[PDB]
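Read the single chain below, which is given as structure tokens and is the form deposited in one PDB entry.
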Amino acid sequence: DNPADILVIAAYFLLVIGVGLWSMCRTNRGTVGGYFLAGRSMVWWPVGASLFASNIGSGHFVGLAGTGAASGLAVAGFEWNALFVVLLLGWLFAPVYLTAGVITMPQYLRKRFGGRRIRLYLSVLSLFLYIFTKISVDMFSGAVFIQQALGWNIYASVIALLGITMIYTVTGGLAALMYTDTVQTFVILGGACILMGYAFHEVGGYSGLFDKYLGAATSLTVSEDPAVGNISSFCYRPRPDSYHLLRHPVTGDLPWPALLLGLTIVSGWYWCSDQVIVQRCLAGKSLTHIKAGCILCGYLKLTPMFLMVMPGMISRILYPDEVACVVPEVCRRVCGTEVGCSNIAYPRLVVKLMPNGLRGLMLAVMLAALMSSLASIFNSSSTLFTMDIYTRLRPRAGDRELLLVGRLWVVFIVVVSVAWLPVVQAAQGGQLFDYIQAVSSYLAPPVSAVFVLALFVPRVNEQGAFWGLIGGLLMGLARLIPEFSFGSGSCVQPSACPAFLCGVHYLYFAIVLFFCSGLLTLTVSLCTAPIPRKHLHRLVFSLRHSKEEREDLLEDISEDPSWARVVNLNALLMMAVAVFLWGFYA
């Protein structure tokens, strides 16, 4: 309402419109190559900027600060796991995907295994995973921040956001979104750094964070309701392992073996096997450019600790009776939610700490985060639908109809997400961040197991790969069923879910589900007849440098030997910086 906020929002919109129009003037959007794969023309800095921007949503500010506030600094685990896994994309997965000449990841499995059915299954499962784990977090986290910072209606505002992100998406092709993601990555990091600075000034620096956070409890621990009573000292006090990434393997809220192995499996699906991330690598200029952009995205994926997690811990220090509330009546008074108020962590700091001009910039940061992420989902889902499912229903389609079907899917998945918004508004507090990471851990590991055996074990065949995936979903729903039948509650109001169902952390069941899906794939593969080498050139890690004539069930990934040496050194130095920081906060 102060004019400076409107001028900052207008400036940010004019940058985004300006770079959109420049990208459409530059690139060709008339063909499937151009509109869906950016012409296979993107150099390193848009690839890095877009990998980062397509990941970092409104969820990352709401969820990481909120969980920061609630549970200390182990949530950085989610971000920092990514650092290691982006190196597996650039060096192992990205080469095979370039030599296969695929537009979608289901199409890679069609080439590797060769039935009709694996491609169809993985397309339809990916569509359900994006409605559940990716749209839901962005719509929800959007809605939190609008209700807290602005107070505007969280239905109509989500419709208006979904509406503008539709137009942003359908107007340009992957080339528009990746150049716009270099503007959005600048604003996201820039404004996030300004708020980090104001926050750290208010607690009295970095020393201030680490000497005030363990004391920072609410003074209201007594309910008016009998059979809640005195809230336990366990569940309003901050956790005594709040300053440690690496927490206890049986009693930790995120056990260290589950963090490292179990997140690597679920991060493997997210970064190496999934249409949304891998489309940025399929539109690279050359493998050297992909590897270079994977290093940039890596250094950026350290930033979220210092920009989201530690700010949310500072909100606990500054507003403990509102951010760290435990009594149901008090929490219902503060932000509407009986189960807690962690979620207001990040958007209290924007309301309280930011002056007249920079409140606008922090609105532009949330907008930048949300639009980049929802557009990347709408484009990647468009590709999945068009290329895998619509080319089934119409085989002799051609590149004019396929772009129209691409554009009409973006309209349809916006309307499905509007229909879905009330189900996601049913999530009460930080239940959604926890459930997203559960769902990911119950459906992703079989896919992680298939793409690793598809890429590294040439004996694995279509019967194995398919019944591996379906056995996977049976095991994954045996837990994704029973739990959600019980509900969630809080530490104050525990759910009645049995210990033998819920006591195993979801990231440990990721490790079990991966090895059981792995073992099933290999067993059924080794029983049934194998696929010979003539079907498999440039589709497997062994044979990415083949030159032999494949029989189907620019493919040229060499490198300026000097520039190879550059990106290889920066991979090892970027892992050294990773490893140091995991040590520092262990």
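For the two forms, the rigid core is made up of the largest set of C-alpha atoms that agree within 1.5 Å on superposition. Heads up: residue numbers just count along the shown sequence, starting at 1.
There is another form of this protein, the form deposited in another entry, and it is not shown here; the text below is about that form.
For the residues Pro446, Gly72, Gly173, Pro311, superposed on the rigid core between the shown form and the other one, a C-alpha shift of 2 angstroms or more shows up only at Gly173. Core-superposed comparison between the shown form and the other one: the C-alpha position of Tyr206 differs by less than 2 Å. In a rigid-core overlay of the protein, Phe140 has its C-alpha displaced by under 2 Å between the shown form and the other one. After superposition on the rigid core, the Cα atom of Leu161 is displaced by 2 Å or more between the shown form and the other one. Relative to what is shown, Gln428 and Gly72 are closer in that other deposited form; their C-alpha atoms differ in spacing by at least 3 Å. With a change of no less than 3 Å, the CA-CA distance between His505 and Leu421 is smaller in that other deposited form than in the form shown.
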